[PDB]
Structures are given as C-alpha cells and as structure tokens.
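K.L.:
Sequence first, structure after, both from an experimental entry:
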Amino acid sequence: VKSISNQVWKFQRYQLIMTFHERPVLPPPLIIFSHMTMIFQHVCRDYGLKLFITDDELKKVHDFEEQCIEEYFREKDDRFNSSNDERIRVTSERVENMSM
Amino acid sequence: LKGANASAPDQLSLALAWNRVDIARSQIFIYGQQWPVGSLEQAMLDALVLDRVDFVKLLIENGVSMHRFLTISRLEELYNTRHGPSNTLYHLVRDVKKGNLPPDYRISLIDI
Amino acid sequence: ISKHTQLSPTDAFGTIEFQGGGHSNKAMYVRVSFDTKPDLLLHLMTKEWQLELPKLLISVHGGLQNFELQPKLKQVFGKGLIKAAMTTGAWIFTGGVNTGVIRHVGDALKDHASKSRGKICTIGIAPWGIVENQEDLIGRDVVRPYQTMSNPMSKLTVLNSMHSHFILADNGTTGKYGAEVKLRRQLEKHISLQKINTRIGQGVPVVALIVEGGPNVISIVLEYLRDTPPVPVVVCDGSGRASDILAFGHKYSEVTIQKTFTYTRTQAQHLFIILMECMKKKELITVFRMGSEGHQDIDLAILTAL
C-alpha cells in the first residue's frame, strides 16, 4: 500500500500542477473579477505545457536521442553476453564441439 | 537453388518462402549478383507482407533504403494484406465506420 | 587537352547521411583542387572539422580492383588495424571509393562499430571524378542524403560508408584516377613534419600498410623508403599480389628467372630492378605471417615498426 501510494501521488503531481497552471490568479472569494475579464475577452503556452525550439536545436535533440538509444542497446547486449548463464551455455557448446 | 537455373530474384523468392535467411546470406548475397532494377524493392515488399523480420533486416543491410521504398500506394497495399498473423484491424475499421462496410472493401489511409 | 580547366571556386561541401546499410553515419566532406596547399588542409581538418592532431598516422594502400581475402586472415587484419587505430589517437588515410582494400577497411570498421564504443577518424581521399553521383553532392553546407546501393552497370563506384571525413580532389576530368596521389602524399609529408605535443622534437610517426597491390605498389613502397625521413611499411603474405611478391623477396636476401608470373608484359618488362632497390633497404620493410613467424597481431606489427 505504501509503495502504490507513493507511485500514485507522484503521478497525480502532474494533474495538480496542470490544474494550477490554468486557474485564474485571483482566489475564489474574489474570482468574480477574473470571470468578468473573461467576458470582455469573449468578444475580443510558451511554457507550462510545451517548449518550442528551432530546427537546429531539434536536430541536436534528435542526435542526442539517437546516441542514447544506441548506447542503451549496446550496453544491454554487453550485459547479456557477460552473464554467467550465457557463459556457461557457450562454454558447454564449445566443449561439446571440441570433444567431437 | 543451383538446379532451378533461375535468376537472383527467383532464388531470393525461394529462400524467402522457405524462411531461410542464412541460405540467402551465404549463397544469394555474394559479389556481383546484378539484381534487376526494382527487384530488391519488390523483395522488400514481399518480406514486409509475410512478416519476415530477418529478411527485411538483410535487405536493409544490402542496399534498399526505406525512404525511397515506402510510398502511399505501397503503404495502402501493406494495410490490405491477407498473408500473415491474424489481427483485429477489420473490426476496428467496421466499428469506426459504423457498419455499412461491403465485402472486398479497400481500407484507405483516411480510415486508418 | 593540355589541362585547360576552369579554376572556379568550390561548390560542394557539407555532411552526408549514407542511406543504405543498417547504419546512420555522417561524413563531413569538401571538394578541393588537386593543387591545394596542405597547410590549409591541415587547418581545415584541425579547426573547422574539430579534430585533434594525431599521435599516429596509418596509410593504407592496395589494389584498385576489387579482390577477396581468405577467412582467418581478414578477421586478424581488420581487428588488428582497428585496435591499433583505437588504442592510439590515430588518423587513417584511405582511397575512399568502395573498391579494393577500402572495402576491407570499411567492413573492418563495420564490425567494430557494432561491438565497441568510440570512433575512428578514417579519412578518405578520393578523386571527384569517380563518385557515382557527382550530383546530390554539389550542394553547399547542408545535410545531403546519399545512397550506398551500387549499380555494376554504371562503370563508376560509390563512396565507402563508415568513413568519418572525405577529401574529394578534382582536376577537371571525370572517370579516371590520378587526381589524389600527389595531394595525399603531400598531405602525409606535411603532417609528418608537424610537431607532436612532446617537447623532445619528434614528429608524428607515419606507417604504411600494404594489402594486395599492383605494379604501382612497388613504386609507392620505394617512394616511402627513399624519403628523407624513412617511413616503415608493413605488408602481408596471404594476399597473393605484389605484397606476396615483397614477402617472397624478403626471404633469401642478398633467382631471377622466376620473374615470369603472367602479370606484366612477359619477361621483356620486369619490375625486378625496383624490387631489388626496395630490398636494398630491408630493415624498414616488415612482413606479417600467420603462425609461421612472430608478431601474430597486426597492431603489434604496426606499433613495433614505428
């Protein structure tokens, strides 16, 4: 229950932040002023959600992501090849072939 | 492969039908095979339809680039294949289109 | 004609992505005239391309025509060369076009990239008239897609992928070689005179590696030996071409009727004079043999030769 609650609270932090990024600045007792402002703007996301970048920064981000994914696959393969189970299996097969 | 006395596209088709990629790697993909123009592209389409991941990888390593292969028509052909593992795409298309779907309907990219 | 070429400024430099095999390898490239000063080339390779000066330089020579190497030799040549160029900050010089020994260097780089980290500063110096697509490269500084698929009927050859940088030398013609040997040798000579970080006074060491070869391989070997700083060379025996001729001439130092190999213009034309001129300086020529002798590692053979 403790671990599940920690994970769910960490998840719902996003909803808290996103619902306080959207609310009017004035608190509810005097929020009627902000509602009247919305009435005037009815007849009339730089940050908080997204982060717009240029084409050069986009290419830099793409190159960084490609480097990260290649490193991830290479590290995973290196971990797999050096496990005890794989070493035992390869040694057994090579010993069988060598004996033959 | 030798006894058929056929061309390299036919040998590749045979090795793809048998689902044997080492046969194609050690016998068909060697020095100076002189594939006809548009033969590796057709082999890539056939391997894509039949769920041949090893042959797709082998063809990609041997020249064909997915940027030139993939067109709108080829993607339309890919979405309307009948050879391969069973899926539930037809039911999804019927549900989204809200019935009124005659047999032999061509699933356009708009429906996808 | 008598070399009547328009001296227009360069119109081809940038980066190319090699669409094709299962890799995404960029390759900065420029086009330069075959008469450029190596000082500018070194400045470009050091500052604009942002490459540190090498602690070692390896020159790879071989036959232009495509050949094949037996197994258990290519796997100990490619891995040895890769280890020598990776454990040491080194620059590799190659022809660049996907023919001959350059294919072997390319697949050696391909096998290493899938198993180890780091990068190798392989540099290709190819004539501009032999690239299969002179177009699709005449763009200015912008990334250009490039296709690795080879058409044997085109009577040209494609650039070898897995090369970090390219120096495309042009002299005006199209479809013939000979526009880069002078530039490559002059750049090697200029970078050999460059000073390494050590304050002893020693310059960058230069070694030559010979696989397969031809009639001109003997000439370039003799040119390496006859330079004012001698450049040690390393040859191989399992190739069967002029490298095997040099290996056989290494044995029985100081048999002239053996010069007939159905290789040149009968017994009337012979390269035995320049072969013996090479063998007169035999302390610089090295050799590599599998199991028969010592130094069963190419990187050990390269490093001990320097």
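P.N.:
Arrived safely. Numbering: from 1, shown residues only, chains lettered A, B, ... in the order given.
K.L.:
Stretch C:122-133 and chain B, are they touching?
P.N.:
No. Stretch C:122-133 is not in contact with chain B by CB under 8 Å from any CB of the partner chain; minimum separation 12.8 Å. For the C-beta atoms, the positions are set from N, CA and C on the backbone; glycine is no exception.
K.L.:
And that stretch, what's buried?
P.N.:
Burial within stretch C:122-133, assessed by neighbour count using 16 or more other CB atoms under 10 Å in any protein chain shown, is assigned to C:122, C:123, C:124, C:125, C:126, C:127, C:128, C:129, C:130, C:131, C:132.
K.L.:
Spatially, which two of these are the most separated?
P.N.:
Farthest-apart pair in the buried residues of stretch C:122-133 is C:122 and C:129; separation 21.6 Å (CB to CB).
K.L.:
Show me which of the buried residues of stretch C:122-133 is closest to residue C:142.
P.N.:
residue C:131 (17.7 Å).
K.L.:
The closest one and residue C:168 touch, don't they?
P.N.:
Yes. Taking CB atoms under 8 Å as the definition, residue C:131 is a contact partner of residue C:168 at 7.1 Å.
K.L.:
Contact partners for residue C:77?
P.N.:
Neighbouring residues of residue C:77 by CB atoms under 8 Å, 6 or more residues apart in numbering or on different chains: C:69, C:104, C:108, C:211, C:236, C:298.
K.L.:
let's go with 7 Å and repeat that
P.N.:
C:236, C:298 (CB atoms under 7 Å, 6 or more residues apart in numbering or on different chains).
K.L.:
With residue C:78 instead?
P.N.:
So residue C:78 contacts C:104, C:107, C:108, C:111 (CB under 7 Å, 6+ apart).
K.L.:
Okay, and the residue of chain A found nearest chain C sits in which element?
P.N.:
Closest contact between chain A and chain C, by CB to the nearest CB, is at residue A:66 (6.8 Å). Taking DSSP states H and E as the definition, one finds residue A:66 inside helix A:55-81.
K.L.:
could you show me where the helices are in chain A, in order?
P.N.:
Remark: helices assigned in chain A by DSSP state H are A:2-22, A:32-42, A:55-81, A:84-99.
K.L.:
Nearest to residue B:76, out of these?
P.N.:
Closest among these, once you apply CB to CB, is helix A:55-81, at 28.5 Å.
K.L.:
Tell me what angle that closest one forms with helix A:84-99.
P.N.:
60 degrees (axes from the mean of the first three to the mean of the last three CA atoms, to 10 degrees).
K.L.:
Helix A:55-81 vs chain B: in contact?
P.N.:
No. Using CB under 7 Å from any CB of the partner chain, helix A:55-81 stays clear of chain B, coming no nearer than 14.1 Å.
K.L.:
and that helix, how far from the chain's centre?
P.N.:
Centre-to-centre, helix A:55-81 and its host chain are 15 Å apart (CA atoms, centre = their mean, to the nearest Å).
K.L.:
again, but for stretch A:79-97
P.N.:
36 Å.
K.L.:
now swap in stretch B:99-112 and tell me
P.N.:
Using CA atoms, centre = their mean, the offset of stretch B:99-112 from its chain centre is 22 Å.
K.L.:
List the buried residues in that stretch.
P.N.:
For stretch B:99-112, the neighbour count (16+ other CB under 10 Å) marks residue B:107 as buried.
K.L.:
Chain C contacts on chain B?
P.N.:
B:32, B:34, B:57, B:60, B:61, B:63, B:65, B:67.
K.L.:
Of the residues you listed, keep whichever come out buried.
P.N.:
Buried subset of the residues of chain B next to chain C (neighbour count, 16+ other CB under 10 Å): B:60, B:61, B:63, B:65.
K.L.:
which one is the second one nearest to, not counting chain neighbours?
P.N.:
Using CB to CB, 6 or more residues apart in numbering or on different chains and skipping residues adjacent in sequence, the residue nearest residue B:61 is residue C:22, 4.8 Å away.
K.L.:
Which strand or helix spans residue C:111?
P.N.:
Short version, using DSSP H and E: residue C:111 is in helix C:101-113.
K.L.:
which among the buried ones among the residues of chain B next to chain C gets closest to residue B:24?
P.N.:
residue B:61 (11.5 Å).
K.L.:
Surely the closest one touches residue C:20?
P.N.:
No. With contact defined as CB atoms under 7 Å, residue B:61 does not count as touching residue C:20 (8.6 Å).
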